[PDB]
C-alpha cells in the first residue's frame, strides 16, 4: 500500500541524508547525526558511467550503521531496483545523477515493497513521480557540475510557488492547470486540498555550508541531500555536524552563526 | 453521481441524433425515428455569432416531441448550461460548432444534474472531457465548412486506434502514454482495462447519406449526429428514415442499398 | 480468389472505358463500341462534394446497356463499396477524383467479391494497390483541372520506366529498390519476373482526341478512360467512335488520320 | 530453406553470446557457460578500419571450443560471407559495428547455407532483414561509443512496442502501417498473427553487469551480446559467469543479487 | 587510332595494378604476379604537393621489370603527359589523387600516342573521359583518406546500375538520359548497344584484403588498383600474392579463404 510506504518515508523529516562511499564514511555520517546514508560505491568517478553500488558494499554499510541505508538505481532500470529490494535496503533512490538507463520511461514503483525517492524539477514531475509510486520526492538542482545552489533554490521556489498557486486557484481552472503542468488530476486536487504535495520533500544539489541547508529548510523543504563533496575537506565531521545542526535549528540565527 | 448520468446517457446507443430548428422539423425527426433531437434556434445563420437557443423554442420542442431534447451551450459558458438545466432538458451539449465562449477553460460539468455531451478530436480530449464530467462524447470532424466526411472518419480512426494501442500496451508504458496524450491516468487505466472509453461515443460532421452513417457505425461508434443540412433537400423525411435505418442495420448491405 | 478477379478484369484489354451519366449517354457509349461504362450520377458538378452514384441510376444503366457497368466509390469508403457489390456491378472503381473519404487508409479489397480498379501515380502506388487487392490499375494524370495530357503521359512514362529498370536490376538490389519505392517485395519480384505489373493497366486524365488515346496505348497501356467531357461537344458519337477506333488501331497512322 | 535455418538459429535462446578475441578468451567464455562465441581478430583496435577476422584465428577458436563459433562480416560484403561460409562457421554476423562495406545494399542472405544474424534498430529494419534472409535479429544500441545501456533499451522498447501495436491493430490499417515502417507486408502479417517477429531476438550494446542482461531478458529479448569489454577487467571469469547466470535466472532477484 | 589504343589497354583484364615506389618494390610486385606497376616517386608524402614521378625512377623501374609500367600525370597537365609519352611509358594515368593541375579542363588525350587511364565516379564522368580519349577507366573511391572500401563499392554499384538501366531503356528516352548524366550521345548509344562502357573498367580505393579485390571483381569490374599501403605491412609479398590470386579466382571461395 502507498499509505504505509509514505509512513515509512516520513520518518526522515527534518534531517540530512548524507552520501557515503565506504564503511568509514558511513560511520562518520552516523556519528555526525544524519537521518540516513545514501550509498555510492566508488571512491572517485573517473568520468565513466555510474550505476547501482556493488551489493557487498551495501551489506557492509547496512551492517555498520543503524540509520536507514538508501541505495541508488538508474532511472528506468527496474532490475537494479529489484536487486536493491532483495538486499532489504530501507529506501531506493531512482536517481538521475547516475547515468540514465531508460530515457523515456521510469520504474513502475507500485510493484516494489521498498519506498522510493524520485527527483523532480517542478510540480509536474513531482506529481507524475508520486503517481508512479514515489513515496518521497527530492527537488533537484545541478549535480556533477559545481557546488552552486542557484538551480536548487530556483527549482524549490518554482515548486512551492506552483503549489501556492494551486492552493488558491478557482475550481474551474484546476483542470486546465493540470493539463498545463501535465499532471494527474487526482494528485492535483490532493495538492490543492492539502497545501503541499502528499509526500516528503527534500532538497538536493549544491548544499555545502550550514547556511545553504538552513535556506533550503526555510523555503519549505523537509530535509537536505548532502553529497560526498564534504568528505574531501579538511575536517568532514565538523562540516557534517554543522549541517545537521543547521537543519535542526534552521530558525535560530545564533546557532547558525556558531555552526558556520 | 457519474454512474447514473452515464446510465441516462447510454439509452441513445444505436441511434441518430437529428439537429432540428422548429416544432415542425422536430416532429419530422421524431416521426422518422430519431433517438433524440438537438435544438438550434435559427432558421438560418447569417454569418453571425451563434449561442444557446431561445428558451421558448426549447419548451415548444420539448412539449411537441417525446424523444429526448438536447440543447447547445457555448464551450466554457456555464451560465447557459445552468439556464438549460433549469429548463429540464434531457441532455446538454457543450458544443464547439457554436461560437466559443471561453477558449482556455471548459464547464465544470460535475456541478450540474443533466448529462453532458462533449466534442473531441483524439483520445486525449475525450479523456479530459470525461474527467471534467462529460457523460457522452462525440468525435467531431468539420462543421460550418462543407459536407465532407474526411475529418470525421480521420478522427474516429485516430481515437479507435489510440484505444486499441492502449488496450495492449505494457503496464510500465501507460504512464508515459498518458503523459504523451495529456490525459488523467485513472481514465487511461480504465480505457485500458475496458477496451473502450467509459462513455458513449457518437460521430459528427459530414454525415449526409446512409453510407456515411453505416461507415461511422462500422468503425466502432455508437451513433451519428445528423445536422440540419438534411431538411433543406427535396424530401427530408426519406433522407432521415434512410439514415435511421442505416444506423440500425449498418451490417446488412441489402438494406443499405435499399435506403440509398 | 485474386486469380479469378484478374481473369474477370482482363477482358477490358484494348478498349475505352467511357464515363456516362444517364441512360442515353450509356446507350451512346455502348453503340460507339466502348468496352465498359463507368457511372457518374450528376449531369453537372456545381463545385460540391461528389460521392457514389445513386443506386437507381446504376440499376437503370445496367439494365439498358449490355457492356460492363462500373461504379465509383470514395477512396477509403468501404460501405459504399459494399453497397456497390450488393448492386452486382461488374467492377468497382476506388476513385480519387471523387472527394476522398479516408485520407490515410484505403479499402481492404480482399473482403469483396467484385473486381476493383485503383488509381496510381508511380510503381509504388500501383504495387501497394495490387497488394491491397486491386484487380486493375489506372495510371492517373490530372482530373477536375483541365483537358491536358501532360501529367498522364508523365505518370505513364514514370511507371513504365520503373518497371523496365526493375526488369533488368541486379538481384541484390531488388530489396533496396522495394524499400525505396515502398512496395511489397513479393510484388516487386513478380514485376521483375514478369516484365509488367501483374494486373491490367489503363490510362486516365486528359484523353480527348484519338491521338491522345493512341499515344497512351503506344506507351504500353492497355486502355483509356474517356471522361464525360466528350458528351458536351457538338457530336459525341463521332468523338467516341474515333477514340474507340484509335484504341483498336493505335499502330496504323492512316486510320488515326481518318478518325481525327 | 529458411525454416531449417531458423531451427538451427533458435538453439541460442536464453543464453549469452560472448565476443572473444583469442583461443584463451574463447576457452574462458566456454567455461563460463556462454551459448556461443563471436570472433574478433585483434587484441586492440587502434582507431582503424575493422573487417572480417583472419581465417586461422577462426579455425583455432573453432577447434578449441565446442560451443557455436560466430564470425563477423562487413554489411554489404558478400565475399567475406562466402569466405566465412567456406570455413563452416556456425553463424555469420552481418555486423554494422565493423566498418560498413556497402552503405546502400546488404547481403542477399538467401544464397548462403549458414544462418545469419542481422542488426536492427526498429521493427522496419528487423522485418527488412528477415525478408533478406536473416535467421536471427539483434536489437542494437551504441557500440564503439561507451558502455551505456540507454540506446539498447530504447531500441528494445521501441521494437516490442511496435510489435504489440501490430498484434492488436485493425486489419484495414496493417497495409498503411507496413507502408509507414517500410516493411514487407507478408512479414508484417506474420508478426501480427504470431505476436513476435518470426526469428530469435537478441540484444546488444552496453550490457556489462548482470542487472543489464536481466533487464534485456525481462523486456522480452531471447539473449544478450556481451562484448569484449569484460575481458579487460580484474576477473573476467566471474563477470562472465554472473552474466550467464543472470540471463538464465532473469526472474529471480536473489540470484541476481548474488551474482552482482 | 582509338581502336588500337583500346586493344593495347585491354591486355590488363583480370589483373591487379600495383603502386610501386622503387626498383625493389617494382621487382616485388612483378614477382607477385601483378599485371602492371604504376610508379610513384616518393617513399613518403609529407603532406605536400605531389606530381609526376622523376624520369630516372621511371627509367629504372622500366628497365627492371618486364610488366607494363604506368605513370601518373596531374589532371589537366598535358606537358607532364608529353614528358611521359617521350619516356615511352606503356600507359599514362591522368590521376586525380595527385594534386590537380587544371580544375576546369582535362587533357585532350587524342593528341597522344600512349593509352590513358582516367578516373571516374559515375557513368557521366566515364563517358566524358572516353570521349576525351581515355583508353581505360578506373572507378575511384577515396584516396589519401583511409583504407575503407565504402566509396569504391558505392561508385562501382552506381556505374553498373546506370549501365544496366541504359541497356534496357526506351529508345525515345536515351536523349533525355544522356542530357541528365551530361554525356555524349554517341557513347551513350554505344553503351546501350554493348551492355558495358566501351573500355576496360578497373576499381580503385581501399582494396587491401583479397576479399575486397574479389568483391570488386564480382561487381563486374576487370581489375583492381592496389595502392602502396601494402608494402608497409609485415610481409608485402604474401599480401600481393593473395590479392593477385583473389583477382584471378574471384569465384572460388576456398581459394579466397586460403589466400586470406
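Where a number appears in this text, it was derived from the coordinates with a stated rule and is not lab data. Counting neighbours? That spans all protein chains shown, and the Cβs are built from the backbone with ideal geometry, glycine included.
Miscellaneous remarks
- Of all chain C residues, the closest to the C-onto-B rotation axis by Cβ, with that distance in whole Å, is C:47, 19.
- GNM on chain B, alpha-carbon springs under 10 angstrom: the most fluctuating residue among B:123, B:144, B:191 is B:144.
- Gyration tensor (alpha-carbon) shape descriptor, chain C, a/c threshold 1.5: oblate
- Counting only DSSP beta bridges with both residues in chain D, the antiparallel share comes to about 0 percent.
- Cα gyration tensor shape for the protein assembly as shown, rounded if a/c is under 1.5, else prolate or oblate: oblate
- Estimated FRET transfer efficiency (residue D:145, residue B:86; beta-carbon r; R0 45 Å; 0.05): 0.10
- Take residue B:10, move 7 Å from Cα toward the beta carbon, and the resulting point lies 3.8, 4.2, 5.4, 8.4 nm from the same point in each other copy, nearest first.
- Distance from the range B:152-184 to the range A:110-150 (C-alpha centre basis), Å: 26 Å
- Here r is the Cβ-Cβ distance between residue E:46 and residue C:229 and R0 is 51 Å; the resulting FRET efficiency, rounded to 0.05, is 0.10.
- Here the label points at residue E:252 and residue D:10, each 7 Å from Cα along the C-beta direction, are separated by 4.0 nm in the simple model.
- Averaging the sequence gap over all C-alpha pairs within less than 8 Å and six or more residues apart, then dividing by the number of residues, gives chain D a relative contact order of 19 percent.
- Relative contact order %, the range E:184-260, counting alpha carbon pairs below 8 Å whose residues are six or more apart: 29 percent
- Inter-copy spacing of residue C:194 label points, which lie 7 Å from Cα along Cα→Cβ, given in nm from shortest upward: 2.7, 3.7, 4.8, 6.7
- Over the protein assembly as shown: helical MRE at 222 nm, DSSP H runs n ≥ 4 each giving -39500 (n - 2.57), nearest 500: -13000 deg cm²/dmol
- Ascending list, in nanometres, of distances separating the residue D:42 label from those of the other copies (7 Å, Cα toward Cβ): 2.5, 2.5, 7.1, 7.8
- Inter-chain Cβ neighbour count for C:132-138, averaged per residue, equals 1 (cutoff 10 Å, partner chain atoms only).
- Relative contact order (%) - the range C:93-146, alpha-carbon pairs under 8 angstrom, separation at least six: 36 percent
- Residues in the range B:30-58 that a label on residue B:24 would reach, taking backbone N under 14 Å of a point 7 Å out along Cα→Cβ: B:43-44
- Three-way shape label, the range C:1-107, alpha-carbon gyration tensor, a/c 1.5: oblate
- Shown is the FRET efficiency for residue B:60 and residue B:237, computed with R0 = 25 Å from the Cβ-Cβ distance and rounded to the nearest 0.05: 0.75.
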